[PDB]
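J.: Below is data.cif; it holds mmCIF, C-alpha atoms.
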data_upload
loop_
_atom_site.label_atom_id
_atom_site.label_comp_id
_atom_site.auth_asym_id
_atom_site.auth_seq_id
_atom_site.Cartn_x
_atom_site.Cartn_y
_atom_site.Cartn_z
CA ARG E 15 5.95 -22.15 -12.83
CA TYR E 16 5.04 -20.03 -9.82
CA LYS E 17 4.08 -20.13 -6.15
CA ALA E 18 1.60 -17.59 -4.75
CA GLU E 19 1.81 -16.36 -1.15
CA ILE E 20 0.36 -13.58 0.96
CA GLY E 21 2.22 -10.39 0.10
CA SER E 22 0.03 -8.09 2.12
CA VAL E 23 -3.47 -7.75 3.57
CA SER E 24 -5.70 -4.70 3.98
CA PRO E 25 -6.91 -4.05 6.57
CA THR E 26 -3.88 -5.22 8.62
CA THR E 27 -6.18 -6.59 11.33
CA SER E 28 -7.85 -8.88 8.70
CA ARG E 29 -4.58 -10.66 7.89
CA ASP E 30 -5.58 -13.59 10.15
CA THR E 31 -9.42 -13.48 9.95
CA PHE E 32 -9.89 -13.30 6.16
CA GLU E 33 -9.75 -17.12 5.72
CA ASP E 34 -12.96 -17.43 7.83
CA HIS E 35 -14.82 -16.39 4.62
CA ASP E 36 -15.61 -19.06 2.02
CA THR E 37 -16.08 -16.75 -0.99
CA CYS E 38 -13.73 -14.32 -2.72
CA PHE E 39 -13.23 -12.38 -5.96
CA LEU E 40 -10.08 -12.31 -8.09
CA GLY E 41 -9.62 -9.04 -9.95
CA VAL E 42 -8.22 -9.58 -13.42
CA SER E 43 -6.57 -6.74 -15.35
CA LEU E 44 -6.17 -7.24 -19.10
CA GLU E 45 -2.91 -7.25 -21.06
CA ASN E 46 -1.20 -7.58 -17.70
CA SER E 47 1.84 -9.78 -17.16
CA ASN E 48 0.65 -10.75 -13.66
CA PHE E 49 -2.12 -12.78 -15.34
CA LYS E 50 0.05 -14.99 -17.56
CA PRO E 51 -1.34 -18.59 -17.65
CA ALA E 52 1.25 -19.90 -15.13
CA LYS E 53 0.60 -17.07 -12.66
CA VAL E 54 -3.13 -17.67 -12.97
CA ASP E 55 -2.40 -21.33 -12.08
CA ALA E 56 -0.58 -20.40 -8.85
CA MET E 57 -3.31 -17.91 -7.89
CA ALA E 58 -6.16 -20.34 -8.57
CA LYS E 59 -4.21 -22.91 -6.56
CA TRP E 60 -3.81 -20.61 -3.56
CA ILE E 61 -7.46 -19.75 -3.85
CA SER E 62 -8.44 -23.45 -4.20
CA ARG E 63 -7.00 -24.17 -0.71
CA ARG E 64 -9.00 -21.42 1.05
CA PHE E 65 -12.23 -20.69 -0.81
CA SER E 66 -14.98 -22.89 -2.30
CA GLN E 67 -16.43 -20.04 -4.45
CA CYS E 68 -14.59 -17.38 -6.46
CA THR E 69 -15.86 -14.68 -8.76
CA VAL E 70 -13.28 -14.00 -11.46
CA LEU E 71 -13.84 -10.33 -12.27
CA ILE E 72 -12.63 -9.59 -15.84
CA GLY E 73 -11.65 -5.90 -16.25
CA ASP E 74 -12.91 -5.56 -19.85
CA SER E 75 -14.95 -2.33 -20.18
CA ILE E 76 -12.52 -0.39 -17.93
CA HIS E 77 -9.69 -1.45 -20.23
CA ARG E 78 -11.21 0.85 -22.86
CA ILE E 79 -9.76 3.77 -20.90
CA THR E 80 -6.24 2.30 -20.99
CA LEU E 81 -6.47 1.72 -24.78
CA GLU E 82 -7.76 5.22 -25.52
CA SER E 83 -4.85 6.81 -23.61
CA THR E 84 -1.84 4.59 -24.20
CA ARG E 85 -2.68 3.49 -27.77
CA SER E 86 -4.63 6.55 -29.00
CA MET E 87 -7.50 4.26 -30.15
CA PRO E 88 -10.90 5.87 -31.04
CA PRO E 89 -13.97 5.28 -28.82
CA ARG E 90 -15.55 2.32 -30.65
CA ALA E 91 -12.27 0.51 -31.29
CA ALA E 92 -11.15 0.85 -27.73
CA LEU E 93 -14.38 -0.71 -26.34
CA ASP E 94 -14.78 -3.45 -28.95
CA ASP E 95 -11.12 -4.35 -28.39
CA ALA E 96 -11.47 -4.28 -24.59
CA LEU E 97 -14.50 -6.63 -24.65
CA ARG E 98 -12.75 -8.95 -27.17
CA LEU E 99 -9.61 -9.15 -25.00
CA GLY E 100 -11.91 -10.04 -22.10
CA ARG E 101 -13.54 -12.83 -24.12
CA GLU E 102 -10.11 -14.12 -25.12
CA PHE E 103 -8.93 -14.23 -21.50
CA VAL E 104 -12.04 -16.17 -20.37
CA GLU E 105 -11.59 -18.62 -23.29
CA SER E 106 -7.79 -19.00 -22.70
CA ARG E 107 -7.70 -19.28 -18.93
CA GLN E 108 -10.97 -21.10 -18.26
CA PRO E 109 -9.32 -24.59 -18.51
CA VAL E 110 -6.67 -23.46 -15.98
CA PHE E 111 -9.51 -22.64 -13.49
CA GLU E 112 -11.58 -25.77 -14.29
CA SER E 113 -8.52 -27.84 -13.23
CA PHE E 114 -9.69 -26.98 -9.69
CA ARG E 115 -13.45 -27.54 -9.98
CA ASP E 116 -12.88 -30.31 -7.39
CA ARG E 117 -12.38 -27.62 -4.70
CA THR E 118 -13.51 -24.21 -6.06
CA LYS E 119 -16.29 -23.04 -8.37
CA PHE E 120 -14.89 -20.12 -10.40
CA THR E 121 -17.68 -17.97 -11.93
CA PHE E 122 -16.61 -15.34 -14.52
CA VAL E 123 -18.19 -11.88 -14.26
CA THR E 124 -17.21 -8.91 -16.43
CA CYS E 125 -16.83 -5.29 -15.43
CA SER E 126 -19.28 -4.46 -18.24
CA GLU E 127 -21.96 -6.69 -16.65
CA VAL E 128 -21.45 -5.07 -13.21
CA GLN E 129 -21.59 -1.62 -14.87
CA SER E 130 -25.14 -2.45 -16.02
CA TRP E 131 -26.09 -2.77 -12.33
CA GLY E 132 -27.85 0.14 -10.64
CA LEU E 133 -25.49 -0.34 -7.66
CA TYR E 134 -22.50 0.56 -9.87
CA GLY E 135 -24.17 3.88 -10.65
CA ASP E 136 -24.80 4.52 -6.95
CA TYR E 137 -21.22 3.69 -5.96
CA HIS E 138 -19.44 5.36 -8.90
CA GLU E 139 -21.33 8.63 -8.36
CA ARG E 140 -20.45 8.76 -4.63
CA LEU E 141 -16.79 8.02 -5.43
CA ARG E 142 -16.50 10.68 -8.21
CA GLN E 143 -18.12 13.25 -5.92
CA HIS E 144 -15.70 12.51 -3.11
CA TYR E 145 -12.86 12.76 -5.66
CA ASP E 146 -14.13 16.23 -6.64
CA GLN E 147 -14.81 17.50 -3.12
CA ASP E 148 -11.90 16.03 -1.14
CA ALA E 149 -8.28 16.94 -1.92
CA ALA E 150 -6.73 14.20 0.25
CA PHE E 151 -8.81 11.42 -1.41
CA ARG E 152 -8.25 12.95 -4.86
CA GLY E 153 -4.48 13.02 -4.26
CA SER E 154 -4.53 9.35 -3.08
CA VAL E 155 -6.39 8.26 -6.22
CA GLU E 156 -4.28 10.25 -8.68
CA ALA E 157 -1.02 9.07 -7.06
CA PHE E 158 -0.66 6.20 -9.52
CA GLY E 159 -1.59 8.29 -12.58
CA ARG E 160 1.20 10.76 -11.58
CA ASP E 161 3.64 8.24 -13.11
CA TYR E 162 3.01 10.21 -16.33
CA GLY E 169 8.19 16.82 -22.99
CA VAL E 170 4.41 17.30 -22.59
CA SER E 171 2.43 20.47 -21.66
CA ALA E 172 0.99 20.96 -18.17
CA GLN E 173 -2.62 21.02 -19.40
CA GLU E 174 -2.02 17.84 -21.44
CA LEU E 175 -0.30 15.91 -18.59
CA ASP E 176 -3.13 16.82 -16.18
CA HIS E 177 -5.54 15.38 -18.76
CA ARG E 178 -3.75 12.02 -18.77
CA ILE E 179 -3.52 11.94 -15.00
CA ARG E 180 -7.27 12.60 -14.87
CA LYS E 181 -8.16 9.82 -17.38
CA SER E 182 -5.93 7.29 -15.66
CA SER E 183 -7.68 8.15 -12.38
CA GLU E 184 -11.10 7.65 -13.99
CA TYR E 185 -9.91 4.03 -14.45
CA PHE E 186 -9.61 3.63 -10.66
CA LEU E 187 -12.95 5.23 -9.83
CA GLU E 188 -14.67 2.81 -12.25
CA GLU E 189 -12.75 -0.13 -10.80
CA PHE E 190 -13.24 0.76 -7.09
CA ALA E 191 -17.00 1.09 -7.58
CA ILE E 192 -17.01 -2.36 -9.21
CA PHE E 193 -14.98 -3.75 -6.33
CA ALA E 194 -17.47 -2.36 -3.83
CA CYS E 195 -20.32 -3.92 -5.88
CA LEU E 196 -18.71 -7.39 -5.44
CA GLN E 197 -17.83 -6.73 -1.75
CA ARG E 198 -21.56 -6.07 -1.01
CA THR E 199 -23.02 -8.88 -3.12
CA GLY E 200 -21.43 -12.04 -1.61
CA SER E 201 -17.62 -11.60 -2.21
CA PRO E 202 -16.15 -9.65 0.72
CA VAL E 203 -12.53 -10.75 0.09
CA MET E 204 -10.69 -9.61 -3.00
CA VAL E 205 -7.61 -11.44 -4.28
CA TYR E 206 -5.18 -9.56 -6.50
CA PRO E 207 -1.44 -9.86 -7.39
CA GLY E 208 -0.66 -6.29 -6.27
CA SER E 209 -1.87 -3.63 -3.81
CA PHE E 210 -4.10 -0.53 -4.07
CA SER E 211 -2.79 2.26 -1.85
CA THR E 212 -6.16 4.09 -1.88
CA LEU E 213 -8.13 0.99 -0.76
CA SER E 214 -5.44 0.43 1.91
CA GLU E 215 -5.73 3.93 3.32
CA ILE E 216 -9.54 3.70 3.31
CA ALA E 217 -9.46 0.44 5.30
CA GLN E 218 -6.99 2.00 7.76
CA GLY E 219 -9.56 4.78 8.25
CA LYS E 220 -7.66 7.60 6.46
CA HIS E 221 -10.51 8.78 4.19
CA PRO E 222 -13.61 8.70 6.49
CA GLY E 223 -15.77 10.41 3.84
CA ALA E 224 -14.96 7.67 1.30
CA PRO E 225 -17.74 5.03 0.88
CA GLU E 226 -18.11 2.75 3.89
CA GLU E 227 -18.43 -0.15 1.43
CA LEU E 228 -14.70 0.12 0.56
CA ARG E 229 -13.86 0.52 4.22
CA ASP E 230 -15.19 -3.04 4.77
CA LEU E 231 -13.42 -4.46 1.70
CA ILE E 232 -10.65 -6.96 2.41
CA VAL E 233 -7.81 -7.03 -0.13
CA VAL E 234 -5.35 -9.90 -0.10
CA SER E 235 -2.31 -8.92 -2.14
CA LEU E 236 -0.54 -12.05 -3.39
CA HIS E 237 3.12 -12.32 -4.37
CA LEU E 238 4.08 -14.62 -7.24
CA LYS E 239 7.51 -16.36 -7.14
CA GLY E 240 9.24 -19.04 -9.26
#
Please express the file's structure as structure tokens.

T.:
Amino acid sequence: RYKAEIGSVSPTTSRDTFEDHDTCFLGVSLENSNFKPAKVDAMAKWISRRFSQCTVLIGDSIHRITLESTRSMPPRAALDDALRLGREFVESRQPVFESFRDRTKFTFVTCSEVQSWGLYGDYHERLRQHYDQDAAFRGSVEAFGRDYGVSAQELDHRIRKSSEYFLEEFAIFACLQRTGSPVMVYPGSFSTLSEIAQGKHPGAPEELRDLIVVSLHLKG
């Protein structure tokens, strides 16, 4: 069993105004231990006290990138697997969320659905361009992927691919931010989003500058 509490809030100034909103989104990563059924229960609970509507964003299509890299899977397997794992999560966890239908309506939306939106194209293109044309923003984004006896040209490749994950995901986050869900809930932080909100990448999309990310901490 677990108890969720505010770990952190970006921007800092939004740490005491975010609860004025009545709608949020919860970003779900797949095959991720922060989304075990019990943890999902504590996060839905914390959400149920603050928010009457919650989009549960399932990171399915973006998970294809993770599976290609870390498990070597070929293009079709990686996407069919990523979508299946998404379906399995919805089917597994959906009772956990319905336990709270008294207080919060949880709607599931997939990353693949939002990627069919024209907005995703607009946002993703602006983000990739700024990645290509701005060293400071590029370095912020690739900071996670620089976790990675492997050649220099190969390692670069894997840093790049891992950073393509974040550009897909940040564009999807901005899509939700601008379409009724200005607060994001996630059990973790995103340094790049944080710096953008604190005004450190002024050429990064405004839409991410207005995003509010509540980083939850899960304890037993």

J.: Expressed in Å to a single decimal, how great is the separation between CA of residue 240 in chain E and CA of residue 15 in chain E?

T.: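 Value for the CA of residue 240 in chain E-CA of residue 15 in chain E distance: 5.8 Å.
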
J.: Identify which of the residues E:110, E:91, E:231, E:175 lies closest to residue 201 in chain E, counting all atoms listed in the file when measuring atom-to-atom distances.

T.: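 Using all atoms listed in the file, the shortest distance to residue 201 in chain E belongs to E:231.
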
J.: Pick the closest to residue 106 in chain E from E:198, E:178, E:237, E:50: which is it, counting all atoms listed in the file?

T.: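 Of the candidates, the smallest distance to residue 106 in chain E is held by E:50.
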
J.: With 10 Å as the cut-off and all atoms listed in the file counted, what is the closest atom pair between each nearby residue of range 51-104 of chain E and range 42-45 of chain E? Distances in Å to one decimal, ordered by chain and number, as a Markdown table.

T.:
| residue | atom | partner | partner_atom | distance |
| --- | --- | --- | --- | --- |
| E:54 | CA | E:42 | CA | 9.6 |
| E:70 | CA | E:42 | CA | 7.0 |
| E:71 | CA | E:42 | CA | 5.8 |
| E:72 | CA | E:42 | CA | 5.0 |
| E:73 | CA | E:43 | CA | 5.2 |
| E:74 | CA | E:44 | CA | 7.0 |
| E:76 | CA | E:43 | CA | 9.1 |
| E:77 | CA | E:44 | CA | 6.9 |
| E:80 | CA | E:44 | CA | 9.7 |
| E:96 | CA | E:44 | CA | 8.2 |
| E:99 | CA | E:44 | CA | 7.1 |
| E:100 | CA | E:44 | CA | 7.1 |
| E:102 | CA | E:44 | CA | 10.0 |
| E:103 | CA | E:44 | CA | 7.9 |

J.: Quick one: 8 Å padding each side, axis-aligned, all listed atoms of range 52-61 of chain E - centre and edge lengths in Å to one decimal, as JSON?

T.:
{"center_x": -3.1, "center_y": -20.0, "center_z": -9.3, "size_x": 24.7, "size_y": 21.8, "size_z": 27.6}

J.: Can you tell me, as a list in words, what residues are no more than 6 Å from range 30-39 of chain E when counting only C-alpha atoms, ignoring any on the same chain fewer than 3 positions away?

T.: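 These residues fall inside the cut-off: residues 65, 66, 67, 68, 69, 70, 201, 203, 204 and 205 of chain E.
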
J.: By how many Å are CA of residue 79 in chain E and CA of residue 138 in chain E apart?

T.: 15.5 Å

J.: Measure the distance from CA of residue 48 in chain E to CA of residue 238 in chain E in Å and round it to one decimal.

T.: 8.2 Å
